[PDB]
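Engineer: just the first chains of my complex for now:
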Amino acid sequence: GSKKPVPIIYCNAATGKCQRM
């Protein structure tokens, strides 16, 4: 537990996109 701004995120396997919004 260090950072939890948004419960919903979009981080898929090693791809060109990974994080939350």
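Structural biologist: Done, it's in. Residues are numbered from 1 along each chain as shown, chains lettered A, B, ... in the order given.
Engineer: only C-alpha atoms for contact and neighbour calcs from this point on.
Structural biologist: Fine.
Engineer: all helices for chain A, in order.
Structural biologist: Assigned by DSSP state H, chain A shows no helices.
Engineer: point to the residue nearest the middle of it.
Structural biologist: residue A:19 (2.8 Å; CA atoms, centre = their mean).
Engineer: and that residue, how close does it get to residue A:1?
Structural biologist: Note on residue A:19: its distance to residue A:1, by CA to CA, to the nearest Å, is 16 Å.
Engineer: next one: residue A:15
Structural biologist: According to CA to CA, residue A:15 and residue A:1 sit 24 Å apart.
Engineer: include chain B as well:
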Amino acid sequence: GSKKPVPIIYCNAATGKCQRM
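Structural biologist: With chain B now in place:
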């Protein structure tokens, strides 16, 4: 069964973002 360009997507509950890459 109509369109499946990317196996990975990022569509969360009713939010300001939903789709695939």
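Engineer: distance check, the residue nearest to the centre of chain A against chain B.
Structural biologist: Counting by CA to the nearest CA, to the nearest Å, the gap from residue A:19 to chain B is 10 Å.
Engineer: please name the nearest non-neighbouring residue to that residue.
Structural biologist: Excluding the flanking residues, the one nearest residue A:19 by CA to CA, 6 or more residues apart in numbering or on different chains is residue A:11, at 5.0 Å.
Engineer: so that neighbour makes contact with residue A:17?
Structural biologist: Yes - here residue A:11 reaches residue A:17: they are 6.6 Å apart, a contact under CA atoms under 8 Å.
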